[PDB]
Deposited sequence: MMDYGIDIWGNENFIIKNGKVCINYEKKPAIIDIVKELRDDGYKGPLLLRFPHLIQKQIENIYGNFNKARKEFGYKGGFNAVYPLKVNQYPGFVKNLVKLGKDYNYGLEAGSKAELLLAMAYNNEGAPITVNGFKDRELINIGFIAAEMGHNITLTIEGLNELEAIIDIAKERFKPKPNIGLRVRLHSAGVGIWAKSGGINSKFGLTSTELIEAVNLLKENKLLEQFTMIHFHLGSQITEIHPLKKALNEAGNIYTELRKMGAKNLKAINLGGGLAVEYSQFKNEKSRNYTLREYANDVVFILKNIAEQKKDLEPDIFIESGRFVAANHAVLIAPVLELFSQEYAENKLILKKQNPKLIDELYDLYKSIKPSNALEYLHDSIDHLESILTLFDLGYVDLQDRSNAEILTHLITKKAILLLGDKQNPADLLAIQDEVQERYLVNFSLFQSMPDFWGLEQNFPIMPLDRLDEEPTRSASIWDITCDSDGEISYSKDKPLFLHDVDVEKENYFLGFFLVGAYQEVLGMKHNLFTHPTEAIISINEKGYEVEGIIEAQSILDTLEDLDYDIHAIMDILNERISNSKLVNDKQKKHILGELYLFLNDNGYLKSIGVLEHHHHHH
């Protein structure tokens, strides 16, 4: 039945149980259950859940494949994984990654002073720390102190200039010096050219520092959908590696492939995100290198990958409850029975009646045209708003009955921000799998196009032919309906633009074991007041003025002004996310 492609992007990490999606780990805890509990604890609004277990699965999944790949071709070189902090620096992830990847000697990558410091604090002693990006004397120095501190740090040079800087401060610091890495410029736009690489080696040689040159690195970019570019790159780099060793760089014993390992985001049959498998990527790496090592009869290099997206993507799920259900309301009774109807809508009537399986497709054509002519007349002021209404309703009825005789449904408003938790959606084509948390045992019957609570119309995940999304027809006020956005654990939080001040949603870390699951490490969403302060507003001032305006107001009495204060203070200390509007009173006699 409808599984929302949970088998494509989901892998064996997520499974559907009693009509509800769960974490395929121990008792297969349902996400909808964890959500409910958190809501009971008073955590409403959108929430981001982190599942450390998934992080572990991913780590052992990377090491798992590369090891099996190494054994297959009997690769003598070693393998090591590094995590580029740039894809997600949030403690809720980083703290777990270093912890879970300890047994694997998983390292950390930094590309700024801020990240390097972080890395220097949480990276397990002994694990490698690579450093990319442009560096100044300060960054190089701190890299050095990281070495003196006992860390396995490697400074990757982006240009000869940086190399010189290191050489200089090298003879200025102490005995402990960091490892030097050279970023190669691939001809398959930063890095050292072939001629620059040679100079680089001579410089290190002149200053007796070849001992430091231990690895070359190249980056092709993130989410590489094709496997060919990687093979073309690895090959070129592999030869640069050997050539550099033959040049005297005896300590050069590793190649850093960088990132690029793609993640499967597709949730629709016949639309894979990447055309290759992890094992394929690993086998290809080990093979290409082995071959080159043999040809040049040199030493098989140590493999270093900095795949962050892959290891961080699935660890986080963004759950958001459906606030409202805006559908296409067009009942025949809505027709303002006019007395003297304009010819155009008159024809629309005749069509709605005479419509039959034979002239169905035809009528549909004509009906549309009529609506177009009426609208054009409306803008010319030749028809009243009732007419326009009639036209639109009839047109819809005709179009409806048309498809019926032939042989979007609703727009779900989700309590979250498509700019806050999912920037890659607005920034690029990046699409995240979306599926309800429960009611999966039932077949959805509503071509949906979910949109967030934002003025900007550019904030909605519209329905598509290639992206046919169907959600169950539920009653927001009668029951609860939560949506889940998966694989949102990479690059989304870091790129959380925070549009209409909608701050990061509440996040919680879910631990799972044989006993069950246990919520922990909750970070509640900021209050409006806190948010304003973060923009550098004077909270104290804002309250004084607010307090004053209510007091000096002459539209309400003291009694009321006090009441107002109570509310105002409640709203200030509350998060800015919207709440369901709920049931509305009936102001008409009924029974």
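*Asks:* Where are the gaps relative to the deposited sequence?
*Replies:* Going by the record, the segments left unmodelled (no C-alpha atoms) fall at 189-202, 422-435.
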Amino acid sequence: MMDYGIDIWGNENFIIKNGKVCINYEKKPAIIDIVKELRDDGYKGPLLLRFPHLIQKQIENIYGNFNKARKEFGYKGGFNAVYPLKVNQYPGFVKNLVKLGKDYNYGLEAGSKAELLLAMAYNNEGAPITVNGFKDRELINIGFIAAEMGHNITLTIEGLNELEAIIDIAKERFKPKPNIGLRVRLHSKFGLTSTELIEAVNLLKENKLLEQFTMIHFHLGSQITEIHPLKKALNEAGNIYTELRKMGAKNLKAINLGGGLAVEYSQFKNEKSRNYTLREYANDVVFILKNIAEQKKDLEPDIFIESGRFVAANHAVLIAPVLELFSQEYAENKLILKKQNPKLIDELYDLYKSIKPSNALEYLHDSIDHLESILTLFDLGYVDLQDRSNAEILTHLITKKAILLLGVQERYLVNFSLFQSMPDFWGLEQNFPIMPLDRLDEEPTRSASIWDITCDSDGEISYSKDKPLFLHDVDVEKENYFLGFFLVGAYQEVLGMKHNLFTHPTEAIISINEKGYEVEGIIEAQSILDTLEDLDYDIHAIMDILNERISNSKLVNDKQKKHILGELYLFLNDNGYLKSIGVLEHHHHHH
From here on, numbers count along this sequence of modelled residues.
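*Asks:* Per the record, averaged over C-alpha atoms, which has the higher B-factor: 143-151 or 513-521?
*Replies:* Stretch with the greater average CA B-factor: 513-521.
*Asks:* Mean CA temperature factor from the deposited coordinates, higher in 200-208 or in 321-329?
*Replies:* Looking at the recorded C-alpha B-factors, 321-329 comes out higher on average.
*Asks:* Which one of 490, 98, 247, 336 shows the top CA temperature factor in the record?
*Replies:* Comparing C-alpha B-factors across 490, 98, 247, 336, the maximum falls on 336.
*Asks:* Would you mind checking which of 232, 76, 400, 274 has the top Cα temperature factor in the PDB entry?
*Replies:* 400 has the highest C-alpha B-factor of those listed.
*Asks:* Lowest, middle or highest third: which one holds residue 412 when the chain's residues are ordered by CA B-factor from the entry?
*Replies:* Tercile = highest for this residue's CA B-factor.
*Asks:* Mind checking which third residue 422 falls in for C-alpha B-factor across the chain?
*Replies:* Tercile = highest for this residue's CA B-factor.
*Asks:* Relative to the other modelled residues of the same chain, rank the CA B-factor of residue 441 and answer lowest, middle or highest third.
*Replies:* Its C-alpha B-factor, which the entry lists for residue 441, ranks in the highest third among residues of this chain.
*Asks:* Just say lowest, middle or highest third for the CA B-factor of residue 107 relative to the other modelled residues in its chain.
*Replies:* As the PDB entry reports it, the C-alpha B-factor of residue 107 lands in the lowest third of its chain.
*Asks:* Sorting by Cα B-factor within the chain, modelled residues only, which third would residue 566 end up in: lowest, middle or highest?
*Replies:* Its C-alpha B-factor, which the entry lists for residue 566, ranks in the middle third among residues of this chain.
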